[PDB]
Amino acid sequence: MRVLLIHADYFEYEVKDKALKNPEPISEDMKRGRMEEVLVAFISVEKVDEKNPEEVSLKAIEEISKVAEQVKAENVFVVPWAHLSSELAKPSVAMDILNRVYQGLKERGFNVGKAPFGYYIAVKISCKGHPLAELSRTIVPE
């Protein structure tokens, strides 16, 4: 797994076309979402994570939680994202891990949003630019 974490004043998205023939189904209401004062977690789930969905999920929850605690963000947003890796996992595995990370951050006590899997999405973001506002993490099976 590769993750990029961006502490943002706001994050807004609007789903455009479908990228997979069969993407994640959504209410007209989940086509557009927005949060303020939000740690956005762009997650590329990789091939090597199929080995172990739960270790990798727990690791990611932890690593995202610490940074969230450290930057004083109560709001977290999980985003499926192809662009930190080139050896990516098949969608069931990615869907799986992303849902586990989402659920685990709700259980830690954050107000969590996520993005629908398998669309092209239009995005607006304002990135804070203090020292800890943009971080990369690599997470692997030990």
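The first residue of the sequence shown is number 1, and the count goes up from there.
When the two stretches 43 to 51 and 60 to 68 are set side by side, the higher mean Cα temperature factor goes to 43 to 51.
The mean Cα B-factor in the deposited entry runs higher for 86 to 94 than for the other of 73 to 81 and 86 to 94.
Looking at the C-alpha B-factors along this chain, the one for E36 belongs to the middle third. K124: CA B factor lies in the lowest third for its chain, per the PDB record.
Among all modelled residues in this chain, the alpha-carbon of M30 has a temperature factor (C-alpha) in the highest third. When the CA B factors of the chain's modelled residues are split into thirds, the value for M1 lands in the middle one. Ranked by C-alpha B-factor against the other modelled residues of its chain, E24 falls in the highest third.
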